[PDB]
Amino acid sequence: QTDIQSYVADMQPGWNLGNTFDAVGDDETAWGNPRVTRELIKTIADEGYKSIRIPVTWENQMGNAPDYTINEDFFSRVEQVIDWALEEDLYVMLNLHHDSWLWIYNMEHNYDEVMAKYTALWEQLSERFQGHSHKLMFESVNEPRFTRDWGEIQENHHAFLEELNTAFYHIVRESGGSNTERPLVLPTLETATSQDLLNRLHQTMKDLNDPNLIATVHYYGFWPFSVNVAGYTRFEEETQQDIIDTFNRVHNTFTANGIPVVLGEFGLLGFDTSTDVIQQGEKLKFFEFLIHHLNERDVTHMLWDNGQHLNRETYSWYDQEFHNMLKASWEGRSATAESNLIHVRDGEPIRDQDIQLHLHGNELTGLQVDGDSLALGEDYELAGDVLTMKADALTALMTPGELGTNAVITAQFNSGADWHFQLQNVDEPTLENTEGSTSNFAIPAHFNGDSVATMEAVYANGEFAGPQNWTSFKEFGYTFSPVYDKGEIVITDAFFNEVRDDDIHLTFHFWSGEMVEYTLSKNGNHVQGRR
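Residues numbered from 1 in each chain as written, not as in the entry; some residues may be left out. Heavy atoms only, no water.

(A) Highlighting the sheet that holds strand β18 (residues 404-413). Spatial strand order, β12-β19-β18-β14-β15: 5 strands in an open sheet with mixed pairing. The open sheet has two free edges, formed respectively by β12 (341-345) and β15 (372-373), since each of these has just one partner strand. Across 2 bridges, strand β14 (residues 364-369) lies against β15 in antiparallel orientation. If you follow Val369 over to β15, its bridge partner there is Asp372. (Pairing = 2+ DSSP bridges. Helix = DSSP H or I, 4+ residues; strand = E, 2+ residues; numbered from the N terminus.)

Here it is as structure tokens:
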């Protein structure tokens, strides 16, 4: 195992300081995150992360031609954060970030200026960190993209990216000092993973002929699942296969040939809307699967955290279950199940309930409720990987008339994270009539312990309605939003801007399996909603 491979392996796992110095505005606070504190960095290290990516967008901090001197305050701040991370014995990746689509993008029609700014930036960055530890690495440009004439992608784009990567390389290596053997991180185009893009990065790396180079790509999951559209509400076969195919290509092209790979960003795309867009159990299963398959292929990964995962005020995870799954996944596989929900109908006699586990090579060792072990035989049974909750235990754990999460059943295994079943007392969910403007439309709802998975919209003649009309299943959040603490389902302006004046049947799909029909009549800016 070469030095550069040990280096990148020693990075595992990494964390992104998202929507911070990379924010497009007057400074790093411009997108809602606070200024970086020492404790933030310390916490990231304390949570077990061994590397940090510090994306920076520089355009709003640059002076004019020909120097383009970087605002000294901003610069000393990013440097201070880097120094903090190095003191924590972290690896640090520093880049140019949203500069990519802000101006680097327009290289075909503004070549000399783009090259001049790019050059001035990497000169200044090289010079500033010339004496810094090798555990700091440089990444040429984030997710590089260029003006489409006909498509992304086009032949000259590749040449532009190669020119940028090569100019970057020579600037840094020419700086000498610690910059001489400083590891350099180079992206595919758009940091994507199609074979041709992989191959072209490979070629660039061969050309550069340097032992200290790292390939980088990004991954936000199989698109329809990642944003909850077209009916991809569950972590199913296609999403899994997409992970396997993708990182097989990545492994065969780089890792197998001694070029280490950093997955510089991962997450799910819908997180840009909200982490609520992906059902909790399916989200957990996604990340467990992903990290397992990255481990099997020696891919060092770095979580994208724009502020939505670690609470930067409290220095604790918003979603402790999620982070526990990631944490467990760094070491090995965790058992999962078909669902993280157990549904019991409130009106019905309580009976034994089966649940399909996914042991993933592990073994069930116990169940607990509120830190107390449940009774073998009396409360639960296991046959192979099928778990059965006994009727009397469910009766004990539940309250008649109380809809929603009645208890949490914690499944414990010989290895990996605990799996948590939310015990849902549900009733059939109901909707109400309403009427209003396309800019303010909400269906009053009685969720009755249930939760909306997705929503279909078709015209009265069976024609798909709304955005992405190639499917009846509308994108979660963007077109509709369940609001549980307001007891309603919003239908958005964006949805209505792309429907004709007509009757529109909505079909709401719930995770209980319940489906509820609803009808809209849209005329101009008014909409009527009927049960």
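(B) Molecular detail of the sheet that holds strand β13 (residues 353-358). Across the sheet, 4 strands lie side by side as β11-β13-β17-β16; this open sheet has antiparallel pairing. Each edge of the open sheet is held by one strand with a lone partner, namely β11 (336-337) and β16 (380-383). The sheet contact formed by β11 and β13 spans 2 bridges and is antiparallel. Across the sheet, the residue bridging to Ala337 is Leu357, located in β13.

(C) Spatial organisation of a nonpolar patch on the surface. On the surface, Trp223, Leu269 and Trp470 cluster together to form a nonpolar patch covering roughly 300 Å² of accessible area. Relative to the elements of secondary structure, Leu269 occurs in the loop between β7 (261-266) and α10 (280-295). Classification of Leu269 by relative accessible area gives partly exposed; the value is 31%. (Patch = residues over 30% accessible without salt bridge, like charges linked within 9 Å, V, L, I, M, F, W, Y side chains within 5 Å. Areas by Shrake-Rupley, 256 points an atom, 1.4 Å probe, with all protein chains shown as cover. Salt bridge = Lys/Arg side-chain N within 4 Å of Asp/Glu carboxyl O. Buried < 20%, exposed > 50% of the residue type's maximum accessible area, 1.4 Å probe, protein only.)

(D) Broad picture of the side chain of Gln154. Here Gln154 shows up in the loop between β4 (136-139) and α6 (155-175). According to the relative accessible area criterion, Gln154 is buried, its value standing at 2%. A polar contact of 2.5 Å, which involves the side chain of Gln154, links it to the side chain of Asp149. Residues contacting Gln154, with those up to four places away along its chain left out, are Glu108, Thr147, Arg148 and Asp149. (Polar contact = N/O pair within 3.5 Å; in protein donor to acceptor, adjacent residues only side chain to side chain. Contact = heavy atoms within 4.5 Å.)

(E) Structural context of the domain arrangement of the chain. Taken as a whole, the chain is organised into domain 1 (1-333), domain 2 (334-427) and domain 3 (428-531). Taken over C-alpha atoms, the centre of domain 1 sits 39 Å from the centre of domain 2. Of all residues in domain 1, the largest losses of buried area upon contact with domain 2 belong to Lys285, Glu321 and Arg333, amounting jointly to 52% of the total for that side. Where domain 1 meets domain 2, there are 0 salt bridges. (Domains from an automatic or database assignment. Buried area = accessible area lost by both parts, 1.4 Å probe.)

(F) Representation of the packing of helix α9 (residues 237-253) against α10. It is at 10 Å that the axes of α9 and α10 come closest, and there the two elements cross at 20°. As the angle between them shows, α9 and α10 are arranged roughly parallel. Crossing of α9 against α10: the hand is right-handed. Where α9 approaches α10, its residues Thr239, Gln240, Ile243, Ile244 and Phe247 are matched on the opposing element by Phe286, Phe289, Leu290, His293 and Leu294. (Axes fitted to C-alpha atoms, helices over the stretch in contact; angles between N-to-C directions. Parallel < 35°, antiparallel > 145°, perpendicular 65-115°, else oblique. Left-handed = near helix turned anticlockwise from the far one by under 90°.)

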